[PDB]
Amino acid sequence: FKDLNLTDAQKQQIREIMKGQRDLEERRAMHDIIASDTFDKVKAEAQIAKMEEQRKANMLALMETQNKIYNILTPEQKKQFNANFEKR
């Protein structure tokens, strides 16, 4: 989703980008927490803390990728990127 009228050079600069940072026993542990007879808060706090590490890595990847995408855009395309960002 990118209604920015992007140039051929741009699309392929973008592929280059979504390849460095285009580069699950988590959901198993949460499954075990939900499906247990009893709710173990301390065990759930530790799962949340471990999820924080992957969220960190994922958010850093997303944001770095998006920052590089932004900084190949024209002033006009940047304004449009920013407006689009306010709505999704």
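Position 1 is the first residue in the sequence shown; the rest follow in order. For the two forms, the rigid core is made up of the largest set of C-alpha atoms that agree within 1.5 Å on superposition.
Of the two stretches examined, 32-40 and 54-62, the one with higher mean CA deviation in 4 other deposited structures of this protein after a rigid core fit is 32-40. Gaps at residue 76 occur in none of the other compared entries of the protein that contain both adjacent residues, all of which model it rather than a third dropping it. In the record comparison, residue 23 is unmodelled in at least a third of the other entries of this protein that model the residues flanking it.
Looking at 12-20 and 62-70 together, the entry lists the larger mean B-factor for 12-20, computed on C-alpha atoms. Remark: stretch with higher mean C-alpha B factor among 25-33 and 52-60 is 25-33. Among the modelled residues of its chain, residue 85 has a C-alpha B-factor that falls in the lowest third, as given in the PDB entry.
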